[PDB]
Amino acid sequence: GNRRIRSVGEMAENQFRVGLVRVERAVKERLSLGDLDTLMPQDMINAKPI
Amino acid sequence: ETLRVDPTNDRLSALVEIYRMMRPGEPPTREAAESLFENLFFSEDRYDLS
Amino acid sequence: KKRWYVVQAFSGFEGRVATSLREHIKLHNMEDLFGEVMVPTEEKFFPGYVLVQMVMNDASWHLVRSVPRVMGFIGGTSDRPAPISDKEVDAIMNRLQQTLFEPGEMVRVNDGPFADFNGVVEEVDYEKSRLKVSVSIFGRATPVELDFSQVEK
DNA sequence: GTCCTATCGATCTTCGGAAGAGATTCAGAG
DNA sequence: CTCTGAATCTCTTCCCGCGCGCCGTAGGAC
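Residue numbers (the authors' numbering), protein chains in the order written: chain U, 449 to 498; chain C, 349 to 398; chain B, 6 to 48, 63 to 117, 126 to 180.
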């Protein structure tokens with residue numbers, strides 16, 4: 449009654465969240481310093497961390 | 349009995365002691381001790397009960 | 006009076022450190038707290068240290084560490100980072116304002140298809156600002172001429 | 001694309017070890 | 001005022017072989 453079972457759909461979700469946290473960390477700074485005019489959402493993010 | 353062992357006085361004292369014991373080598377500051385305490389257990393980025 | 010302070014910075018990201026400080030000064034409108042930020046460079064004096072003209076306020080102490088790729092300043096204690104000196108700034112600004128291939132020497136090349144090969148000086152192309160170094164090609168180790176930029180001493 | 005330099009020089013590295021031994025501090029203790 | 005108590009700190013340690021099997025520098029500048 450105190451131990452619960454994590455499965456693939458939760459561990460994978462957590463790993464995806466970690467990747468998205470890294471991506472947010474990068475792109476918050478990019479948007480703070482970016483000119484926001486020529487930028488497009490593809491420029492904001494890169495798939496590599498996720 | 350905890351009161352008798354407490355060396356701190358008030359909220360400023362609490363934040364100073366928490367900052368010092370949490371981060372050795374880091375100076376306390378009123379505007380920053382909040383940034384540490386709230387992130388500890390009240391900020392979504394670093395606390396989330398499922 | 007804004008004394009200079011030295012800050013640790015990611016080597017290779019040092020220019021981005023200076024720029025990220027420059028943006029953050031204006032964004033936090035602390036323009037009245039920062040005079041200049043120096044990254045001296047020659048054709063880099065300080066490999067991985069950023070000099071910032073600054074005053075000492077706790078807001079500025081946290082502002083600099085709020086710039087990316089910045090651990091913090093170098094000083095006696097973390098509570099109070101220290102400036103450099105009176106004459107140290109002047110010396111750094113002074114510098115910021117202000126070899127012969129001996130025959131027979133064994134060299135290595137710097138660029139080209141023959142880059143980094145065991146050659147040996149064979150003659151002197153001196154007044155050409157050039158070079159000629161013997162190397163071991165197809166048994167007919169050929170008399171091979173190089174640019175002066177192709178030395179490795 | 002190649003080749004480079006550098007290595008949380010703005011995080012948080014895990015919380016489900018136990019013990020056993022020293023070594024290092026403290027605390028009434030005269 | 002330190003001394004000679006505990007108490008609270010960090011460090012060291014944890015059976016033998018044997019097989020599979022994967023998995024194994026990174027981001028940035030010319």
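Every residue, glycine too, gets a C-beta built ideally from N, C-alpha and C.
DSSP places B/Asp174 in the uninterrupted beta strand (DSSP E) bounded by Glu172 to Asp174. Fewer than three beta-carbon pairs drawn from the stretch 9-24 of chain B and the stretch 379-393 of chain C are found closer than 8 Å, and the two stretches are therefore not classed as touching. Taking the beta carbon of B/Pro87 as reference, the chain U residues within 7 Å of it are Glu477, listed in sequence order. Among the residues facing chain B, C/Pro375 is included, as its CB has a counterpart in that chain under 7 Å away.
Among the residues facing chain B, U/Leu481 is included, as its CB has a counterpart in that chain under 7 Å away. The beta carbon of B/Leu115 sits closer than 7 Å to those of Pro45, all from its chain and outside the five residues before and after it, given in chain order.
Taking a contact to require three or more Cβ pairs closer than 8 Å, the stretch 141-160 of chain B and the stretch 97-107 of chain B do not qualify as touching. Note on geometry: alpha-carbon atoms of B/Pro170 and B/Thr126 lie some 22 Å from one another. As a beta-bridge residue in DSSP terms, B/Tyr68 pairs with B/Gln13. Looking at the DSSP output, B/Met73 bridges to B/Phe39. Segment contact: the stretch 449-467 of chain U against the stretch 477-484 of chain U, fewer than three CB-CB distances shorter than 8 Å; contact not assigned.
Distance from the CA atom of B/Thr24 to the CA atom of U/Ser480, rounded to whole angstroms, is 13 Å. Pairing B/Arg135 with B/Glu179 gives a Cβ-Cβ distance under 7 Å. Any Cβ of chain U closer than 7 Å to the Cβ of B/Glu36 would place that residue at the interface, and such an atom is absent. Its Cα nearest to that of C/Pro376, the residue B/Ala78 stands out among B/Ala78, B/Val22, B/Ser176 and B/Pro66. Taking C-alpha positions only, B/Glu129 is separated from B/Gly139 by approximately 22 Å. The three-state reading of DSSP puts U/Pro489 in helix, counting H, G and I together. With fewer than 16 other Cβ atoms from the protein chains shown falling within 10 Å of its own Cβ, B/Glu41 counts as exposed. As a beta-bridge residue in DSSP terms, B/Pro102 pairs with B/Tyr10.
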